[PDB]
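> PDB entry and its sequence, pasted below:
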Amino acid sequence: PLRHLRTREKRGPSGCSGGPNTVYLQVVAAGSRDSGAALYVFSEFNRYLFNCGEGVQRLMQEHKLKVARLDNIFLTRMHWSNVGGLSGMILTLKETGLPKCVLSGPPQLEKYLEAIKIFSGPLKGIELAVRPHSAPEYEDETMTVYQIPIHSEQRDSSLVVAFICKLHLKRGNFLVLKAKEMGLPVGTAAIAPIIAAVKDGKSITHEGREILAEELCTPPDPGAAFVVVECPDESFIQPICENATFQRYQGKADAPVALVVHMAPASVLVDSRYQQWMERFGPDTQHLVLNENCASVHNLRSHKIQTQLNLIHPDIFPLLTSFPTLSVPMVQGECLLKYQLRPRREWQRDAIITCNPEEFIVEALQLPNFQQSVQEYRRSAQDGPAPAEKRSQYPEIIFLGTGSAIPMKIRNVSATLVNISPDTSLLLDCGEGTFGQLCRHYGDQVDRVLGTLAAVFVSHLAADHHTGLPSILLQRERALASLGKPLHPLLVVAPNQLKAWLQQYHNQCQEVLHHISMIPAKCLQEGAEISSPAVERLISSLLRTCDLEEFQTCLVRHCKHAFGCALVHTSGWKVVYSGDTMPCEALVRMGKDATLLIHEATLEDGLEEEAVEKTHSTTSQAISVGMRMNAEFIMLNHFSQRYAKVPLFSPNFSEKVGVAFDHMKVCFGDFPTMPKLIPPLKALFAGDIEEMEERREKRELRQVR
Amino acid sequence: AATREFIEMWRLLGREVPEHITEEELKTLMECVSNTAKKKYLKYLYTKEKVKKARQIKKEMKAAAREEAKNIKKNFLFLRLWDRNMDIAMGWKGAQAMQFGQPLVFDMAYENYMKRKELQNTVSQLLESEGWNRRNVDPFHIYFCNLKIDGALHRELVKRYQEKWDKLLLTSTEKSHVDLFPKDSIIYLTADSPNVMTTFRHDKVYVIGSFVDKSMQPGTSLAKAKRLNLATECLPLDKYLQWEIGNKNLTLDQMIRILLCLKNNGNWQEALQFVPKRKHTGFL
RNA sequence: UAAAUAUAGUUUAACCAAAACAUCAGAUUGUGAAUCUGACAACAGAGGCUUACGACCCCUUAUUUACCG
Ligand SMILES: Nc1nc2c(ncn2[C@@H]2O[C@H](COP(=O)(O)OP(=O)(O)OP(=O)(O)O)[C@@H](O)[C@H]2O)c(=O)[nH]1
Ligand SMILES: Nc1ncnc2c1ncn2[C@@H]1O[C@H](CSCC[C@H](N)C(=O)O)[C@@H](O)[C@H]1O
Ligand SMILES: [Zn+2]
């Protein structure tokens, strides 16, 4: 149903009679640690994506970069930093109805695709054809892609794929005006096919003079070429420099390369052997670098919204924090940076997003009732009664994600961080891009947080709550190495079936299970069976390391093998977290007199019938469970796309209920302050609220009809 | 002017270009500061000739058709003078409307938001809108508020009406509608209003903003109403029509014909007859 | 979020290419004024391309439909 494939014959056999008119190369991920490295190539007839990293889908949708037109996704390495988040991408591609998507890279994506099918639904509707580097040259209506496998000197963890792309020759413009003096009938449908010959350049006999058509046609573009190459570390510099195929494109003068993107860290570029490599391409070849040295913002809307909420309460809404001359000139990658390849080779810096905070605050006060409500709240709380019950600063709940299934400009998929103590923490859920949220929330302190991460809990095998787990492990190993702490396996509490995906990935894609000490969620239940002794001393580690008096679990009402949670501390406070699920009585029995309850509040009031159809709750049911919980405070998250920016405020909203946002800190000493944050909240979100009330009304008209 | 440096091969190039151009037309050509804008204007300027000659060719072809039949091939009560008599009758009705008729206001404060194409089109809808008021059984008292005397909109109205401008039975003024009428009785009609118009009120002054934004600019009329303290209403198009196609902002000639039908005790079924049928699939 | 669409008087037709009905000014009309002489003719909007075009490609606004392992 997409216009891209329905309007196929209009595109033409050899493009639009030869080549696309405009082709540029846009960067969606400049190489930052949180956002990864990714590249986007735009053409008239095709659209390509390189190195689909974790959270890339969020950036491509937020920057109005269409996803329903992608043809091939090229991956330069069989590594989670490069392949992670592709599972979300194919689900998005399936949603759009795109029939066939071609994957390229190492021959291991055959096993990767079968690996991700353990959790993701059999991707019915979309064709996934993996085209390895051993496959022949991939030719398209726009461009030709060359795949070169590069092996390090030391499944296969030493394989890196580099792409030498090549734009097809574009047929030049036709000097139609000069053809009159020669005698050509410019009139439509009057010896028109000569123009096709003029495009081809072949001679045609006209006015008694058969001339070579290139005389009446502009010199055709030979086709600029660009190279996508990734050098993960030191051990890949030498094989790349001595690669025979590369010599065919740099030493020759007949095949210049317009641009070379370098997905390599700083240490690789400064190396002398690599340094000689870029200059060997020639002074004409521009060089683009995407690595951690990039200093730019990607999730502009997340930064924009965070600054505005920071006015209401700085502590509850902390501000997001961002994480040697060279012989060969090079241009640092930036978000939305463009380099047109046709018809002009130039650095298009116009579309680069700017992150100026001052505008975001300025936008806030010009809102109708925001400034009054924020000022009114500030005097009532700061200069009013005692600021809540005098309790410790710990534990503090970090809401890294409040998204129901797919990431959105404002909210990412579900991920909650619990800081039990300053030296220990645990993750209640790890959705896609969770590390990106972790890195953005703490900046230079992300490594310290990862060093204190002791355990990870996964609610259900649904991908929104666990697909980001691998990305943590590699970052945690790097973070632990930076801090010098010994490398020890992480504690993961999840259903037994989670090992199936991990075992498939470890034995086929990349070694990651050596960081994992998985404790099945079944043995955590009350009155559970005594399991194998190997698990038994692990359960002692869970309580000891996280300083938990007790850690309980039960089966919540959802898809088979779905589990809730309950944290009990030696101090006495009890935190109960419930994954996706309708009101469950087993959950009620679990966390009686819980200190804090985190519950799913996906739908509105009045959508109970699809709430059961989707095994998902509404706000009122979640609130009613909280009263049945007899819990001190109630936390709502896991909001659906319909609550894109803000949860709707039901009249049942009492002092014991509260709403959650991304990068929002909640402590036990903030409980009575949470209801006081509501009056400022709709004030800033006022234009958004009126959109929800009308769309709630539109469904009523459908019901009335 | 050197602007001929584009036309004199754009004809030979194969694009549709008119043959007769003047300096006045040539001047407006150079304000088009892009290739597409110039192409779009030239396409409009070309099709002006295309329908002119086609209708031109039609009319003297008819002249030969009738002159052959006209040349080859009693008790009355009235002389055939009806077009004169109808104009006089509408004049007496318009004079009465200017004294006791319900005021209707067309807001002319949108000159700064309109391009030349849109501003010219506004006059065309204004001409038709005032024409339907004249022919009605119970005409409004039409006001042209915020109409600057030297402004571009006023000059176009004078050019179209020529001599009739000084003789129209409507009150054109520089002052705003808030200066002429109590701010309580003013209801600024706009499609973006959150309040749905339920019934036609005969003790109220309805304001229609004479704005034709083919480059649609939502909220412009609402901003003016909320810049003052005027109340707003919107037509119940969703209530009575099954919308499928097109913008919900109707033209000025459709709006006045809907209001006239409502003022004459017509129901919403008859009043919404004037909403183009291409935009909905029947009244419900 | 995606796909379909978008006629500024109204319909029809559409790669036909312009109609039909309307609108404004002038008219002392001998009962076809059923006319004549003029005014206005922009298929959402802003840009790209192309020898071109209403085609093709981004973008903006809007409308109707659908919208999560
Ligand atoms: N699936 C789906 N998504 C929707 C729907 N309505 C809105 N959205 C989502 O909400 C987004 C809103 O886009 P914008 O209007 O640009 O978002 P915004 O946050 O209001 O930003 P500004 O326009 O700059 O004010 C859409 O792009 C979608 O991602 C809907 O009906 N379905
Ligand atoms: N559906 C509707 N209900 C009430 N008034 C309407 C209407 N549609 C158009 N109008 C009136 O017709 C005039 C021209 S429509 C243009 C409105 C303006 N450009 C905007 O975007 O808001 C307006 O002044 C408006 O008052
Ligand atoms: Zn979920």
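Sure, I can see it. Numbers count the residues shown, from 1 in each chain, chains lettered A, B, ... in the order given. Ligands and ions are numbered 1, 2, ... in the order given.
> near ligand 2 at all, stretch B:252-271?
Yes - applying Cβ under 6 Å from any ligand atom, one finds stretch B:252-271 touching ligand 2 at B:252, B:255. For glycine as for every other residue, the C-beta is placed from the backbone atoms N, C-alpha and C.
> find the nearest non-adjacent residue to whatever residue of the stretch 351-500 of chain A ends up closest to ligand 3, please.
Closest to ligand 3 within the stretch 351-500 of chain A is residue A:464: 4.2 Å, counting by Cβ to the ion. Nearest residue to residue A:464, sequence neighbours excluded (Cβ to Cβ, 6 or more residues apart in numbering or on different chains): residue A:413, at 4.3 Å.
> longest helix anywhere in the chain?
I went with chain A, as the question did not name one. Counting by DSSP state H, the longest helix found in chain A is helix A:686-704.
> sorry, I should have been clearer: chain B.
helix B:35-72.
> buried residues, that helix. List them.
Buried residues in helix B:35-72, counted by 16 or more other Cβ atoms under 10 Å in any protein chain shown: B:38, B:41, B:42, B:45, B:49.
> which one of the residues you listed sits closest to residue B:65?
The shortest approach to residue B:65 among the buried residues of helix B:35-72 belongs to residue B:49, at 24.0 Å (Cβ to Cβ).
> now do the same contact list for the closest one.
Counting by Cβ atoms under 8 Å, 6 or more residues apart in numbering or on different chains, residue B:49 makes contact with B:18, B:19, B:20.
> kindly report the same for residue B:192.
Neighbour list for residue B:192: B:218, B:219, B:221, B:222, B:234 [criterion: Cβ under 8 Å, 6+ apart].
> again, but for residue B:218
Contact partners of residue B:218, counting by Cβ under 8 Å, 6+ apart, are residue B:192.
> then residue A:233?
Residues near residue A:233 by Cβ under 8 Å, 6+ apart: A:265, A:268.
> and the gap between it and residue A:276?
19 Å (Cβ to Cβ, to the nearest Å).
> return the distance of the residue nearest to residue A:529 when sequence neighbours are not counted relative to residue A:501.
Of all residues not flanking residue A:529 in the chain, residue A:523 sits nearest, at 6.9 Å (Cβ to Cβ, 6+ apart). As for residue A:523, its distance to residue A:501 is 20 Å (criterion: Cβ to Cβ).
> between these two, point out the one with more neighbours.
Using other Cβ atoms under 10 Å in any protein chain shown, the more surrounded residue of residue A:523 and residue A:501 is residue A:501, with 21 against 18.
> pretty sure the more buried one belongs to a helix, no?
Yes - under DSSP: H, G, I helix; E, B strand; the rest coil, residue A:501 sits within a helix.
> tally of neighbours for residue A:210?
When counting by other Cβ under 10 Å, one arrives at 10 neighbours for residue A:210.
> from what I see, it and residue A:202 are in contact.
No - here residue A:210 does not reach residue A:202: they are 10.1 Å apart, not a contact under Cβ atoms under 8 Å.
> what is the nearest of the contacts of residue B:49 to ligand 1?
Distance to ligand 1 across those (Cβ to the nearest ligand atom) is lowest for residue B:18, with 41.6 Å.
> residue contacts, the closest one?
Residue B:18 is in contact with B:42, B:45, B:46, B:48, B:49, counting by Cβ under 8 Å, 6+ apart.
> if you set the cut-off to 10 Å instead, what comes out?
B:7, B:11, B:25, B:42-50, B:52 (Cβ atoms under 10 Å, 6 or more residues apart in numbering or on different chains).
> centroid residue for the chain?
Answering for chain A, as no chain was given. The C-alpha lying nearest the average C-alpha coordinate of chain A belongs to residue A:55 (Cα atoms, centre = their mean; 0.9 Å).
> wait, chain B
residue B:125 (0.8 Å).
> name all residues that make contact with the nearest residue to residue B:10 once chain neighbours are set aside.
Using Cβ to Cβ, 6+ apart and skipping residues adjacent in sequence, the residue nearest residue B:10 is residue B:17, 5.4 Å away. Listed by Cβ under 10 Å, 6+ apart, the contact set of residue B:17 reads B:6, B:7, B:8, B:9, B:10, B:11, B:39, B:42, B:43, B:45, B:46, B:49.
> residue A:393 and residue A:669: what is the separation?
Counting by Cβ to Cβ, the gap from residue A:393 to residue A:669 is 7 Å.
> residue A:246 too?
60 Å.
> now residue A:210: closest residue in space that isn't a chain neighbour?
Closest to residue A:210 by Cβ to Cβ, 6+ apart is residue A:203, at 5.1 Å.
> just the strands in the stretch 201-350 of chain A please.
A:204-206, A:209-211, A:225-229, A:257-262, A:286-289, A:331-332, A:338-342, A:346-348 (DSSP state E, counting those that start in this stretch).
> closest one to residue A:703 among those?
Nearest to residue A:703, of all those, is strand A:338-342, at 47.4 Å by Cβ to Cβ.
> and the residue of the stretch 151-284 of chain B found nearest chain A, what does it touch?
Using Cβ to the nearest Cβ, the closest approach of the stretch 151-284 of chain B to chain A is made by residue B:238 at 7.9 Å. Taking Cβ under 10 Å, 6+ apart, we find residue B:238 in contact with A:698, A:701, B:196, B:248, B:280.
> redo that, cut-off 6 Å
Listed by Cβ atoms under 6 Å, 6 or more residues apart in numbering or on different chains, residue B:238 has no contact partners.
> roughly how far does it sit from residue B:266?
Distance from residue B:238 to residue B:266, counting by Cβ to Cβ: 20 Å.
> can you give me the strands in chain B?
With DSSP state E, the ranges of strands along chain B come out as B:103-107, B:141-145, B:171-172, B:186-189, B:205-209, B:231-233, B:241-243, B:280-283.
> I'd like the ones you listed as CSV, with mean neighbour count and distance to residue A:181 appended.
Shown next, in CSV, are these (neighbours: other Cβ atoms under 10 Å in any protein chain shown; distance: least, Cβ to Cβ, whole Å):
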stretch, mean neighbour count, distance to residue A:181
strand B:103-107, 24, 56
strand B:141-145, 23, 57
strand B:171-172, 15, 58
strand B:186-189, 22, 61
strand B:205-209, 23, 55
strand B:231-233, 18, 64
strand B:241-243, 15, 56
strand B:280-283, 13, 56
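> good, we can wrap up now.
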